[PDB]
Structure formats: structure tokens, C-alpha cells
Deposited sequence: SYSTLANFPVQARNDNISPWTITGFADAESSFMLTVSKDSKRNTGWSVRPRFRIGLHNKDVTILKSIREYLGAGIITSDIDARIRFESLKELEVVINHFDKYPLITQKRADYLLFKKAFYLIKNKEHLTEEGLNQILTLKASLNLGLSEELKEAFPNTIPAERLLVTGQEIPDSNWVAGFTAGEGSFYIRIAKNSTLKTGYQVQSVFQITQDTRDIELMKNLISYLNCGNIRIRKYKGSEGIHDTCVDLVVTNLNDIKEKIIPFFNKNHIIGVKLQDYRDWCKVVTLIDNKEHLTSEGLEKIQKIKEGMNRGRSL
């Protein structure tokens, strides 16, 4: 089965990266090598996801060593990328990065990066891209003025598949077992849906809650979480939503086991010892407890 473009975009909002490498090359006229990259790096166990992406865009190089990566570094591949994200725009702060990247791309495509002016401009672009300029690049290009970075605000959810890809990237379906003496079975069993993101896009997360009509915002001791713990919201909103909008990767399997446990909780089997052992058995093989 083929993947949705908005799923690709959501997942990219989650896990992808737009990069500019500027490295001193003595074998070049400007004395510098400038190259744009787009990349997605995952755990090996999710190679298939990358393949799916590769199948949709018809571009990208997939490798697998200590991790699995799909990369786009040549001009043509990057054209494919830019086409996709122009048709299907990111909505997190990463979009900003994309724009910078995009600008840089066109400077390199038109070869004016081989000009010192072009080089300097590209350095202003990298200055505001992700982690910005290293100390080495800072001293190599003194007092470069960081390009204006677009603050991504008022981002409406473009598509439900975007949500699917995004939680496929940052989401978490897990079962919480709490040591509670008030429970005659000895433990409280909770089904929990979660999405984690840096505070920079808290607005989006809030706008996401309204989209799912459930969830609470949690601020950590930094990061922000969309947390769904209400069983009825889970059974009536979340589960149907992700049954319609599929989760890719191993997290799909995790989500299935999660679903099974939710059904066990709905039938109040979590209130008995037998059902508790059952649920625990399912949980031990979920997420961090899964194998090859």
C-alpha cells in the first residue's frame, strides 16, 4: 500500500533535517565547499518507512549501519524534495529552516555560491539555520548578519494524515501501571496517548488538541507534551482517528497492542489479577520491550 504525501510531511516535521555544510576546501576557487542536504535518520528497525518515502518521491539514497538514513544531496533529488514541500508545506518551526534551506538551494543551483558575495549570503542563511554557525565559521566569516528567520505562527492542521505522520514520529502509545494500594488488585492501569514537542511549537500542540477535541498540555522541568488519559476520549476519538489515519513503522504494532489493552480496560479486566497479569504481559513486549 502506498503512503500519503501529508503523512510524509508530518513525519518530516517530526524527524527530518535541512542542512548546509560549509567546509574549507583548498581545491576550490573560493576556498570553500558549500552543499545543501536533506536527510531523515531513524533506528534501523524502521528502514521500511524510509523505503516507503523513497517509493513515493522516486528519489533518495537509503543506507543502514548504526542507523538507517535516507538522504538527498544532489541537485535533482533536492528538486524533488522542494517540489514536495512546496506542494505540501511543513507547519512546525522546521518550516522556517526549510525556507532558509530553499533560499540557499537556489543560490547553489544558479551557481552564484561560487561567488564570494553568494558565499557570504549563504553563510547568513546557515547562521539562522538549526544550530547556526560554529565558532570556526564565525571567525572565518567575521560579523556575518544572520538571515531573518520566519516565526511560524497560526499554523492550521492541513490534513489528518499530517497528524498520522507526525505522531508516527513523535507520538507514544503506552500503558501506565501505577503502584496504588487503594486498588484491590494492587495497581492502577491506564491507557495513555502522548505527543512530545519542544515548547517552540506549543501553539501548534494546543491547536492540535482542538483538532482532536481531547488532551491536556504538560510542561516538563524545555519540552511540552500532549497527553490523553481519558479512557472515553481514547476509545471514541483517538483510536478511531488512528484507525482511519494509519501509523507507520513498528509504532503501528505498538499501537495495536495498545488497542488490545484499551479493550481489556474497557471490559474492566484490569480490575482483576488475571487481567492485570495479561495486560502486563502485553506491556512488557511493547515499545522499549520489543525485539528484532
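In sequence order, the gaps in C-alpha coverage of the deposited chain fall at 1-14, 236-244.
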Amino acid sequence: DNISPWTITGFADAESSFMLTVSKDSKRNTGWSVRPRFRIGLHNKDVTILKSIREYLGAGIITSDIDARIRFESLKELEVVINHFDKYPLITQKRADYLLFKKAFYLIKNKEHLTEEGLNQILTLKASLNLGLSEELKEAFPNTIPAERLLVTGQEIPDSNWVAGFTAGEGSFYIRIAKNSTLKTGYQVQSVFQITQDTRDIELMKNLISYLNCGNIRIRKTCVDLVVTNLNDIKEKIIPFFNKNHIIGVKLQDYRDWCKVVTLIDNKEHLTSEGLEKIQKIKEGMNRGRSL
From here on, numbers count along this sequence of modelled residues.
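Per the PDB record, of the two stretches 80-88 and 175-183, 175-183 carries the greater mean B-factor over its C-alpha atoms. Looking at mean Cα B-factors across 49-57 and 238-246, the upper value is held by 238-246.
Annotation for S273, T21, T9, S17: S273 ranks highest, by Cα B-factor. Which of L129, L75, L212, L204 has the largest Cα B-factor in the deposited entry comes down to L212. When the CA B factors of the chain's modelled residues are split into thirds, the value for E139 lands in the highest one.
Annotation for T124: C-alpha temperature factor in the lowest third relative to the rest of the modelled chain, per the entry. Per-chain ranking of the deposited C-alpha B factor places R37 in the lowest third. In the PDB entry, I70 places in the lowest third of its chain by CA B-factor. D97: CA B factor lies in the lowest third for its chain, per the PDB record.
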